[PDB]
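Data block below; observations after.
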Amino acid sequence: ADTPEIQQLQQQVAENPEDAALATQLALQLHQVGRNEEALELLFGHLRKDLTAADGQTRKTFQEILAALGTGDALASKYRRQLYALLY
Amino acid sequence: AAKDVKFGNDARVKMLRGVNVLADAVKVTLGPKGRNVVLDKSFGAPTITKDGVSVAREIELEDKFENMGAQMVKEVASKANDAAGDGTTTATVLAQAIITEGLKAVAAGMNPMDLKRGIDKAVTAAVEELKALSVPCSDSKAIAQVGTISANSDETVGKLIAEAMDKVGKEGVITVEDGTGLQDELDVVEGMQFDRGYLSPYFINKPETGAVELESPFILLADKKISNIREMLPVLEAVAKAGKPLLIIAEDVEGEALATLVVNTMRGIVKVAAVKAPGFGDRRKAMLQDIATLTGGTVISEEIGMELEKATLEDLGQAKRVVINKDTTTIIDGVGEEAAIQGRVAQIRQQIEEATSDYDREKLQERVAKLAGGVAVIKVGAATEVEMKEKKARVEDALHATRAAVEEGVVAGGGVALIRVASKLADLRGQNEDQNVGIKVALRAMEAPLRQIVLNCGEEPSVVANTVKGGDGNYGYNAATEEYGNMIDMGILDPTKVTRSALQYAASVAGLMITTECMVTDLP
């Protein structure tokens with residue numbers, strides 16, 4: 001799951017930690033290899049700063065990943081709850 | 001279906017007859033020397049009682065018009081009892097006293113609207129006086145004395161109430177339930193209370209108090225509008241196992257699902273009650289979130305992408321006890337962790353600091369107080385259960401009385417406060433002749449309760465009333481011993497709120513009934 005693409009995206013995020021779209025891309029790639037804890041943690045960290053991060057793409061991606069993990073997933077459940085508390 | 005109509009004088013006499021029957025039935029039980037009333041039942045021995053409420057609940061006459069009159073005075077009178085906690089009989093007596101005089105005056109040719117205006121003016125002046133005459137009751141010792149007096153001379157209940165109220169504070173919530181045997185305990189747990197009643201009757205399972213109580217039930221949060229019971233089946237079945245009741249808080253439930261739940265809970269299988277969420281707007285969602293944090297359940301909101309088939313048994317909330325009155329709801333001792341509560345408090349605290357308007361700041365102050373406050377529980381034990389249940393009833397009554405008292409203060413009771421007020425207002429005048437007549441009618445009707453109380457004890461009313469007017473201050477008459485003196489020292493007193501409420505509500509209904517013109521009803 002330590003793919004070269006994820007490695008280069010990780011280096012780029014480390015160089016520009018405030019870039020929400022870059023982190024969103026890295027989170028999508030992390031999710032696509034099953035590294036969902038890291039991806040959701042990154043996306044939520046960006047959402048806590050700004051709900052409209054990456055012009056709303058950060059949220060979308062986030063929610064989409066949750067939808068991909070299904071309702072039976074404990075990690076998603078948790079985040080789901082947090083998300084609501086953050087949003088409203 | 002064919003109707004029947006009656007105009008004017010012909011209608012008024014009938015309505016008068018109906019109110020007369022209701023008043024005569026209720027008013028003998030007034031005071032400390034009250035007589036008895038015998039109520040029949042279908043099965044077994046009759047019932048003998050000395051209480052106004054139970055007698056009033058039963059009466060309904062034969063002829064249609066008179067029954068309408070009685071029902072109309074009855075509905076108004078009940079609200080004072082619901083609002084303050086005492087005084088149905090007093091309201092009924094005052095209503096009769098005003099209506100009789102008013103109708104006699106109207107038959108002699110004066111205008112009705114003038115009488116209406118006069119009566120309202122007199123009532124407002126009297127309320128001003130009544131606030132002026134009162135005396136405060138704020139310190140703990142006075143709290144204890146008031147509680148003791150209201151509970152028929154038992155220091156134990158009074159001091160217990162006082163110490164608990166000190167424990168939680170004057171704004172807190174106090175609840176009473178059974179204990180484990182002949183020792184008193186009091187404790188603090190995590191709780192909640194808000195203003196929403198049950199969505200429908202027939203949820204009652206304990207008729208004595210007209211309330212619903214459930215122990216260790218399940219709780220379901222709904223941020224949507226539900227009218228079709230179809231999507232409720234999976235969660236209902238998952239709750240059907242393990243034999244636990246269920247509580248549904250949503251925005252509203254209409255029609256099919258409502259009736260189906262009514263039938264299901266009324267035929268035994270399954271236990272469910274449902275109510276609306278507090279408030280409206282986005283704050284409604286915020287309060288749902290807060291309750292969720294407290295209970296550790298799941299909020300089901302469509303916008304984020306939930307649906308009803310989507311929930312499992314883990315998602316629901318679970319707690320110690322729930323109580324539902326007619327218009328108040330209380331949650332006792334859920335499961336939440338301290339960490340989540342503390343973080344919730346921190347977030348709402350900073351949002352307070354972030355506020356840009358006084359309105360939102362005050363609302364958020366409400367929310368933090370409600371959450372990070374608390375609840376208190378009282379457990380009483382008495383060794384031979386019968387005494388235990390009796391004591392529990394007395395404690396509940398004392399609690400209501402003390403709350404009402406600390407709200408607004410107390411005044412010399414037993415019926416003298418009203419006569420003192422009405423004696424201080426001999427000067428009041430109006431615009432023309434008719435308003436003067438109206439004022440006189442209200443003032444002369446304010447004397448009824450004391451005349452009745454004296455009449456039951458086999459004395460002569462007019463002499464006692466005259467002597468009580470003669471003096472000043474709190475100097476009054478004690479029915480239990482036949483003595484004059486300072487009514488505040490002999491331990492007879494009442495909260496201000498009940499007297500004010502009785503006066504206003506009686507005046508309202510009498511005003512409406514003076515100026516009616518037509519009546520329309522069914523055919524025999």
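If you're wondering about the labels, chains in the structure tokens are A, B, ... by order shown, residues count from 1 in each chain, ligands from 1 in order shown.
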
Within 8 Å of chain A: residues of chain B, using only C-alpha atoms, as an MDAnalysis selection string: chainID B and resid 282 285:286 289 298 304 310

Generate the output file for the selected residues, N, CA and C atoms, as a compact mmCIF listing (two decimals), in the first residue's frame.
```txt
# COMPACT_ATOMS: atom_id res chain seq x y z
N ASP B 282 -32.72 25.73 12.76
CA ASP B 282 -31.47 24.98 12.91
C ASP B 282 -31.19 24.62 14.36
N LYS B 285 -32.10 21.07 15.13
CA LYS B 285 -31.05 20.11 14.85
C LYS B 285 -29.96 20.16 15.91
N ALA B 286 -29.60 21.36 16.36
CA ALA B 286 -28.55 21.46 17.38
C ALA B 286 -28.96 20.76 18.67
N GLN B 289 -28.70 17.11 18.35
CA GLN B 289 -27.31 16.69 18.48
C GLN B 289 -26.89 16.62 19.94
N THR B 298 -27.67 7.62 17.95
CA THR B 298 -27.38 8.02 16.58
C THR B 298 -28.44 8.97 16.05
N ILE B 304 -27.45 14.10 5.26
CA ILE B 304 -26.16 13.42 5.22
C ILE B 304 -26.23 12.09 4.50
N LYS B 310 -31.54 1.65 7.44
CA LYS B 310 -30.09 1.70 7.49
C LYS B 310 -29.55 1.54 8.91
```

Looking only at alpha helix (DSSP H) from DSSP on the backbone, list the matching residues of stretch 6-78 of chain A as a PyMOL selection string. chain A and resi 6-15+20-32+36-49+57-69+74-78

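For the choices B:18, B:268, B:8, B:476, the atom-to-atom distance to residue B:99 is smallest for B:18 when using only C-alpha atoms.
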
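Considering only C-alpha atoms, the residue among B:114, B:75, B:315, B:177 positioned nearest to residue A:78 is B:315.
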
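Using only C-alpha atoms, the protein and nucleic acid residues lying no more than 7 Å from residue B:6, apart from those fewer than 3 places from it along its own chain, are residues 10, 11, 518, 519 and 520 of chain B.
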
File dump, residues just selected, N, CA and C atoms, as a CSV table (one decimal), in the first residue's frame:
```csv
chain,number,residue,atom,x,y,z
B,10,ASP,N,-83.8,33.9,26.4
B,10,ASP,CA,-84.1,32.5,26.5
B,10,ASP,C,-82.9,31.6,26.6
B,11,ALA,N,-81.8,32.1,25.9
B,11,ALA,CA,-80.6,31.3,26.1
B,11,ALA,C,-79.9,31.6,27.4
B,518,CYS,N,-76.5,34.2,20.8
B,518,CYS,CA,-77.2,33.2,20.2
B,518,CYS,C,-76.6,31.8,20.6
B,519,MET,N,-77.4,30.8,20.5
B,519,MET,CA,-76.8,29.4,20.8
B,519,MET,C,-77.4,28.4,19.8
B,520,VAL,N,-76.5,27.6,19.3
B,520,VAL,CA,-76.9,26.6,18.2
B,520,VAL,C,-76.4,25.2,18.6
```

Exercise: stretch 26-39 of chain A partners within 7 Å, only C-alpha atoms, chain neighbours under 4 positions left out, as a PyMOL selection string: chain A and resi 1+6+9-10+22+43

Residue with the minimum atom-to-atom distance to residue B:417, picked from B:316, B:503, B:168, B:229 with only C-alpha atoms counted, is B:503

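The gap separating atom CA of residue B:170 from atom CA of residue B:399 is 12.2 Å, in Å to one decimal.
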
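Omitting residue B:502 and its sequence neighbours fewer than 4 positions away, and counting only C-alpha atoms, the residues within 7 Å are residues 80, 87, 90, 91, 498 and 506 of chain B.
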
Restricting to only C-alpha atoms, whichever of B:327, B:472, B:163, B:256 is closest to residue B:82 is B:327

Tell me, as number ranges by chain, which residues lie within 6 Å of residue B:277, counting only C-alpha atoms; anything in the same chain fewer than 5 positions away does not count. B: 249-251

Can you measure atom CA of residue B:187 to atom CA of residue B:336 for me? One decimal in Å is fine. 17.6 Å

Give me the residues near residue B:442 as a PyMOL selection string, where near means some atom within 9 Å (using only C-alpha atoms) and where sequence neighbours in that chain fewer than 5 positions away do not count. chain B and resi 97-98+118-120+122-123+437+507

Mind listing the strand (DSSP E or B) residues of stretch 393-511 of chain B, per DSSP on the backbone, as a compact mmCIF listing (two decimals) with C-alpha atoms, in the first residue's frame?
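In the end it all went to states-v7.txt:
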```
# COMPACT_ATOMS: atom_id res chain seq x y z
CA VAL B 410 -46.57 34.33 49.95
CA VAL B 411 -49.54 36.11 51.51
CA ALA B 412 -52.06 35.62 54.30
CA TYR B 475 -55.28 40.69 61.02
CA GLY B 476 -57.59 37.84 60.15
CA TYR B 477 -59.75 34.94 61.28
CA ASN B 478 -58.74 31.32 61.86
CA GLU B 483 -59.67 33.07 67.03
CA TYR B 484 -58.67 36.42 65.60
CA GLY B 485 -55.06 37.42 65.19
CA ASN B 486 -51.97 37.70 63.01
CA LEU B 493 -50.52 31.21 54.20
CA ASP B 494 -50.67 30.73 50.43
CA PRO B 495 -48.44 31.41 47.42
```

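When only C-alpha atoms are used to measure the gap to residue A:19, the shortest distance among A:2, A:74, A:49, A:82 belongs to A:49.
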
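With only C-alpha atoms as the atoms that count, the residue of B:521, B:293, B:456, B:9 with the shortest distance to residue B:67 is B:521.
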